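Taking it in order: structure first as structure tokens, then the write-up.
Number of protein chains: 4
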Amino acid sequence: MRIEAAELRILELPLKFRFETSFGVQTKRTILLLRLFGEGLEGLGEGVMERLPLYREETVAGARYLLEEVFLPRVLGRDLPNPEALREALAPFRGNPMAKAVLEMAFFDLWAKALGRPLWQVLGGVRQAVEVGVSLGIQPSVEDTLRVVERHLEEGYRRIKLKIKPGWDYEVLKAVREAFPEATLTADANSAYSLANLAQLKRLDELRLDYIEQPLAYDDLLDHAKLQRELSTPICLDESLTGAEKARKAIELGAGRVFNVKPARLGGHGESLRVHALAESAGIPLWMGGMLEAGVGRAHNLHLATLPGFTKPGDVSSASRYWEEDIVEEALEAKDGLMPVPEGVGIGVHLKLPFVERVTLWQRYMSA
Amino acid sequence: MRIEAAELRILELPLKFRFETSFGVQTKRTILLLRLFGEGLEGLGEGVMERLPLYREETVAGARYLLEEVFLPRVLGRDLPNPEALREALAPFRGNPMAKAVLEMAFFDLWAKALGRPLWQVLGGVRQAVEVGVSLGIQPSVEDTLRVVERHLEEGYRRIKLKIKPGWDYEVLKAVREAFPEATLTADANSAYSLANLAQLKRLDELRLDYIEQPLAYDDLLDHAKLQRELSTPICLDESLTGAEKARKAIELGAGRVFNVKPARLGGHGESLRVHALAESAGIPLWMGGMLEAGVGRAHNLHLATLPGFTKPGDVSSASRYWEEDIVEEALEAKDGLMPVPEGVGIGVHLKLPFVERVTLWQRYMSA
Amino acid sequence: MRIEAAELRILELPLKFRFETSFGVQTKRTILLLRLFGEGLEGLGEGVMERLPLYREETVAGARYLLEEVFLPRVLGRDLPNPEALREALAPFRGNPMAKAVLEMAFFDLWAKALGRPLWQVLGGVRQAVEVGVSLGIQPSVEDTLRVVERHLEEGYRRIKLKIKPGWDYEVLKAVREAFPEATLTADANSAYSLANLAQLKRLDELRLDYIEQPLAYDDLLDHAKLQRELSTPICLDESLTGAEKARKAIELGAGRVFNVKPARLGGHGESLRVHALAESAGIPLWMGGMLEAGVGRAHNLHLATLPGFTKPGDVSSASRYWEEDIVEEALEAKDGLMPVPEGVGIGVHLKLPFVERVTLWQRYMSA
Amino acid sequence: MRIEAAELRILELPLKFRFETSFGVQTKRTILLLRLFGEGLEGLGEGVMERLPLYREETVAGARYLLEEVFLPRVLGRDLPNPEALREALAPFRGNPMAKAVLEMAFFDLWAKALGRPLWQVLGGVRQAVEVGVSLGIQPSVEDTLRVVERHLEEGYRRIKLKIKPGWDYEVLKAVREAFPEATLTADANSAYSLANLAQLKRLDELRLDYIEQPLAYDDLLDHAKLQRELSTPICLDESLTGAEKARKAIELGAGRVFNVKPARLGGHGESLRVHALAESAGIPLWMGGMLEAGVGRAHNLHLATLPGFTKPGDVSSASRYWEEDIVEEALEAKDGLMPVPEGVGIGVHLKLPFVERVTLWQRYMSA
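If you read the protein sequences in the order shown, they are chains A, B, A' and B'. A prime marks a further copy of an entry chain.
Following PDB author numbering, the numbering of the first sequence begins with 1 at its first residue and continues without gaps.
Following PDB author numbering, the numbering of the second sequence begins with 1 at its first residue and continues without gaps.
Following PDB author numbering, the numbering of the third sequence begins with 1 at its first residue and continues without gaps.
Following PDB author numbering, the numbering of the fourth sequence begins with 1 at its first residue and continues without gaps.
So, in structure tokens, the structure goes:
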């Protein structure tokens with residue numbers, strides 16, 4: 001496939017809800033969108049980095065620069081027989097997996113479309129519907145927490161994830177467990193702990209959580225391995241998994257027994273397939289993470305989540321929970337705990353251009 | 001892709017040289033050949049198992065039974081969206097990777113053909129010629145060894161592999177190394193050693209071999225890991241690597257630092273790609289192994305050997321060194337240390353049915 | 001002993017009950033039977049492999065080929081002073097322990113008969129009755145499970161083994177434990193788990209099961225060792241123990257604290273004696289596993305189960321639970337939890353030839 | 001087999017050479033001889049313990065008391081189906097393996113005789129001649145050492161063992177190695193070192209010795225394991241290997257890579273066969289050790305040395321190097337590096353009662 005042209009845009013998309021972060025509260029998403037054109041087809045890619053480096057180090061500004069002035073010029077007009085070629089073309093540039101992912105994923109979409117197949121089929125998927133889990137923030141009280149969990153269980157979610165922190169973990173989780181003895185419950189420890197809190201984390205073992213996500217430093221594997229050795233509960237890694245080498249080291253160290261997969265965090269689908277092979281060979285369950293994606297990112301996530309190693313519910317809930325209006329024509333809605341994979345070749349969604357234009361803050365067209 | 005029909009044959013092809021084994025000297029290959037038919041296309045697969053279980057446990061008879069009465073009946077006429085679907089269909093059957101490989105590799109060929117692409121492109125390859133290494137059995141003398149090695153070096157081979165054994169390792173290898181200080185030299189220790197021979201093997205460290213292949217038991221990883229920790233020379237695993245789980249365990253234990261990849265030994269291309277991801281994530285070099293294949297197998301090996309993790313020369317020399325006449329129309333011949341990947345969709349070779357019929361000992365046609 | 005002739009048969013023997021497997025439900029056994037003739041005596045061997053490679057990799061077809069065309073021709077007419085000679089004669093052939101076991105065990109029977117002694121006496125046994133345990137599959141409900149366990153306890157079984165799987169383990173086992181506080185209870189985890197399920201398996205520690213059999217991969221030792229390190233409950237290995245070297249590695253790794261011995265799985269009595277020496281030297285209890293054997297296999301198992309290291313009840317229950325008609329004249333029936341060892345030289349049972357002929361699907365006589 | 005009666009004697013046989021020990025120079029062997037009578041047959045056993053506890057803790061006096069007043073009274077007239085029954089009968093008595101060995105080995109002889117077979121055949125042997133190595137004490141000089149070694153090499157011995165000690169190891173061994181570059185050379189470090197001497201011992205790695213025997217404490221495994229990890233030369237264990245449990249622990253710790261087997265040190269053939277299974281399962285070579293035995297012991301050693309795991313030459317040289325007259329009619333003489341196993345049922349030798357009576361210091365006959 002020879003990429004003939006590319007269009008990069010920065011969009012500002014309003015969120016239906018408002019959520020708090022480590023730097024105030026966020027109410028909108030600034031999204032880097034990429035369209036790749038080749039052989040009369042169009043591949044789509046969506047950035048998961050934000051304006052501030054809060055989840056991790058990249059920003060929309062930094063990724064925009066790399067894509068516009070380094071990565072697209074590197075691949076425009078080049079004959080790339082497959083996604084591996086694209087990966088090798090970007091190999092000299094260190095880090096920046098999310099910026100690379102926008103292009104790598106858009107290209108995988110374009111390639112799958114040129115092959116005439118749905119993306120999941122090309123990636124090696126084995127299902128066309130994904131189980132849905134939900135994530136809840138820290139609530140004002142134990143009562144409020146039970147209320148929210150009960151409603152989400154009534155709606156059909158197949159796993160409930162609750163945010164915790166020192167001083168707000170055992171009691172609230174224990175109350176939920178007692179009220180819902182058979183619910184699949186997980187904790188998002190949000191890198192709010194250190195090995196100093198080992199006893200507090202071990203205390204959660206009696207609650208039978210499916211896993212405790214990223215309790216220690218966001219870029220750590222060694223201390224998580226020390227922690228995991230002491231817990232019967234699986235430690236699930238998210239921010240620490242930036243690529244296949246880290247996944248390999250996590251397995252060698254025993255740093256986590258469950259992996260949260262976010263393709264963009266990893267650098268794209270090529271890297272995700274490598275992580276999938278690694279996890280599958282070690283019996284490590286995978287589930288699809290969410291990053292408040294608009295329709296393009298959500299569809300990419302759904303196609304990748306069809307792989308055999310994804311055996312646990314992912315954060316791929318209805319687009320309507322996030323956006324009053326999504327950027328694709330499709331209504332990506334789940335029901336009875338399942339989210340179908342959008343039909344069609346590639347990622348199976350189509351941009352709603354007039355709306356996209358209306359929410360474009362900046363744009364640039366480049367041709368080979 | 002739905003497999004509409006399949007033809008299985010057992011062929012007998014005389015080799016141009018005498019091949020020493022653990023139970024006799026082999027002069028012919030008994031080959032299980034598979035043709036898969038679907039959507040007007042033909043996928044080709046070739047078995048690497050033999051009449052006797054000498055290299056490993058499978059036999060032509062055992063594999064013929066599984067393919068004819070178990071595997072083909074299970075997949076004939078079924079909708080297989082991709083190779084992963086085929087993998088899952090055969091999952092209930094334990095072991096027998098070479099028997100599964102005939103079908104799985106023939107299917108990958110058919111699938112790539114249905115996608116309209118060369119197999120290497122679908123597998124993630126990044127090159128179209130593979131570096132060629134040569135293998136040498138134990139010679140009557142050191143002078144003879146030197147003579148043969150010198151000849152192969154003049155011929156352009158990029159790696160020389162010498163079979164060794166207790167009592168015939170250090171002096172012969174040391175003589176070759178002194179005569180050819182810059183040559184890439186390798187040893188095939190042929191499972192001829194035990195940890196009792198640790199000293200003899202460690203003595204080879206001074207010769208700067210590129211790797212020592214499978215010196216200990218054919219189904220071991222633990223003792224090889226103990227050996228590897230004592231040697232600076234990389235231990236290369238062959239028979240021990242039967243699948244991705246063994247490869248993951250080899251990485252955890254440090255059982256070897258180079259992997260010999262034989263797709264059929266692993267169960268096919270799907271399994272090889274998983275091993276590739278694992279090796280690549282640990283910086284473990286791969287090279288394509290050989291099993292005296294006729295043209296279909298040699299072509300499959302070439303397409304897989306194009307992947308990025310294959311960084312050392314493979315046993316993919318000219319078909320003419322093996323056969324007076326091969327079963328494919330193409331002349332798979334190397335030149336100046338390089339073997340081109342045959343062009344065309346899928347594996348790129350075509351069977352010469354008239355010659356195939358003349359060397360067919362048995363055949364069966366099956367349709368959905 | 002010089003083997004003068006051998007007769008191999010494939011029999012189809014109806015099962016009184018019908019049991020479910022990983023590929024539908026089975027209702028009959030396809031049995032490879034071997035008769036070895038020498039010095040006017042006859043040794044008997046029975047294959048435990050089936051038509052499909054579900055328990056492990058071998059099949060009746062694959063073993064038939066090896067015995068008829070490779071192994072019997074290798075030993076017919078050869079002077080074999082003892083079973084060790086037979087083992088060395090087959091050493092060049094890798095794997096296929098069950099196919100080798102048919103011949104090795106038949107020969108051990110013939111040898112013991114030529115020595116004029118019962119097989120147990122020659123193998124080093126110290127008892128003439130074996131304690132009997134029973135194995136139950138997954139039942140429709142906890143109530144049904146209690147019902148079945150209670151009846152088997154009334155009948156006098158000395159150990160009850162219950163099949164479990166993720167989602168069906170703690171609650172059912174806990175209910176049985178509570179209803180029968182002093183019963184010897186074990187779990188057959190049927191390779192249905194991975195290290196991901198560590199917490200679920202550790203949770204069983206409070207139930208005081210005598211052991212949990214083969215919870216992880218069928219060909220694994222490394223992950224079972226990691227699991228065992230976390231459990232007070234002994235992990236019992238079955239499929240992973242394919243020979244003495246694996247038993248040695250299991251001891252080095254601490255992969256299991258109890259071993260299920262199935263002589264055919266191991267390659268025969270010679271290999272079983274080696275495993276017995278290894279286990280006994282590490283204080284690892286042994287018990288006799290069952291593979292739905294007809295009278296020949298059951299008698300072999302009983303004679304081997306007399307060894308000192310077998311300190312726990314085995315799956316050697318009455319032949320009448322399996323067959324409406326067995327292939328030997330003897331009625332191998334247990335009572336009050338004990339199964340006597342059949343009397344006479346060698347394995348002490350005699351073929352009921354007319355019946356055997358009636359259930360023969362194929363046969364072949366070969367002479368030296 | 002029921003032992004109907006037993007005759008125990010203490011003999012004194014003058015040696016043809018002076019034997020250096022830790023407390024005097026020995027010129028005579030004081031031998032505990034046992035004759036077991038049953039079913040008209042006679043089993044022979046010979047003690048390897050001496051008057052002083054120099055090699056290990058037992059003495060002729062201590063062993064005489066145990067056999068005469070404890071072991072024989074316990075087994076006389078009892079039905080012993082096999083050697084395992086004898087083993088269990090003596091189980092309550094701790095240690096004293098050499099005293100138990102006289103009875104256990106005499107019983108194995110009687111049992112094999114009752115079965116009508118050569119002892120090696122019943123033990124699982126696969127050969128009828130054993131390779132012969134020779135031992136040399138510390139000589140007055142390096143030249144003397146060279147002279148002796150040269151002579152033994154001309155004589156056909158297949159391994160040369162040289163006693164060494166701190167201050168007399170590297171230079172003497174290096175001189176021998178230079179003079180005989182191809183000779184199989186071994187060292188008997190005689191428990192003369194400690195980990196304090198790690199450097200002196202590691203210095204020997206360059207000499208390519210086949211093994212270094214028992215350099216550290218006679219009852220140690222832990223320190224030898226620490227030493228072995230630092231040496232490429234295999235450490236060979238002798239005094240430390242008192243039974244199968246110690247052998248299992250030596251394998252777990254990696255305390256040695258070669259085992260010297262002396263059946264009496266181990267408690268007999270039953271224990272030796274267990275050690276054999278352990279060593280074989282770990283690829284640890286065995287060789288038959290010597291204890292200056294008269295003909296009965298030398299014959300027992302030869303029959304046991306036929307087992308497959310014995311792959312290195314043993315100290316089983318000609319009886320004539322030790323005795324002007326031996327206690328058996330047979331002339332146990334080696335030729336061209338090989339010692340034949342004496343023919344006949346059991347150990348194959350016959351006592352010359354007249355000579356035995358002349359060298360008897362004490363005797364006692366006991367009947368059931």
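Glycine included, C-beta positions come from ideal geometry on N, C-alpha and C.
Residues in the same chain with beta-carbon distance under 7 Å from residue i, minus the five sequence neighbours each way, listed in chain order, please.
i	result
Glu-324/B	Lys-16
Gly-38/A	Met-1, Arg-2, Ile-3, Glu-4 and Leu-110
Determine the direct distance from the alpha carbon of residue j to that of residue i, and round the result to whole angstroms.
i	j	result
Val-134/B'	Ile-160/B'	5 Å
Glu-88/B'	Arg-208/A'	31 Å
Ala-250/A	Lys-202/B	31 Å
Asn-301/B'	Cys-236/B'	18 Å
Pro-181/A	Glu-143/A'	21 Å
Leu-67/A'	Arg-358/A'	22 Å
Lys-352/A'	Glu-329/A'	5 Å
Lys-113/B	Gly-40/B	10 Å
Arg-64/B	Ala-334/A'	42 Å
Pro-81/A	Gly-346/A	17 Å
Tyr-218/B	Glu-171/A'	43 Å
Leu-222/B	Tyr-322/A'	40 Å
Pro-53/B'	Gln-214/B'	18 Å
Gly-137/A	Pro-313/A	18 Å
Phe-23/B'	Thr-30/B'	16 Å
Can you pull the chain B neighbours of residue i, defined as C-beta to C-beta under 7 Å?
i	result
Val-126/A	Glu-84, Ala-85 and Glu-88
Might you give, ordered along the chain, the residues of its own chain that have their beta carbon closer than 6 Å to the beta carbon of residue i, omitting 5 neighbours on each side?
i	result
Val-296/A'	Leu-44 and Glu-46
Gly-268/B	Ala-101, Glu-104 and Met-105
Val-126/B	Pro-308
What does residue i touch in chain A' if you count any residue whose Cβ is under 7 Å from its own?
i	result
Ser-232/A	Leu-198, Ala-199 and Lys-202
Let's see if you can read the secondary structure: which residues bound the alpha helix (DSSP H) around residue i?
i	result
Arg-177/A	170-179
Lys-100/A'	97-114
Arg-87/A'	83-89
Mind pulling the chain A residues with CB within less than 7 Å of residue i?
i	result
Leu-195/A'	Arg-257 and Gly-283
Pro-81/B	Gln-121
Locate the beta strand (DSSP E) running through residue i, then write down its first and last residues.
i	result
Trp-323/A'	No beta strand (DSSP E) holds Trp-323/A'; DSSP gives it neither H nor E.
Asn-260/B'	258-261
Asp-205/B	Looking at the DSSP string, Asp-205/B is not in any beta strand (DSSP E), and its letter there is neither H nor E.
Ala-5/A	5-21
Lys-352/B	First-last for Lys-352/B: undefined, no H or E at that position.
So which residues on chain E does residue i lean against when the C-beta distance must stay under 8 Å?
i	result
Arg-274/B	Although the question refers to chain E, the structure presented lacks it and instead comprises the protein chains A, B, A' and B'.
Below 8 Å CB to CB, which residues in the same chain sit around residue i once its five sequence neighbours on both sides are set aside?
i	result
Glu-343/A	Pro-118
Does the count of Cβ pairs from the segment 142-160 of chain B and the segment 112-126 of chain B closer than 8 Å reach three? no
The segment 279-288 of chain B contacting the segment 254-268 of chain B, beta-carbon criterion three pairs below 8 Å: yes
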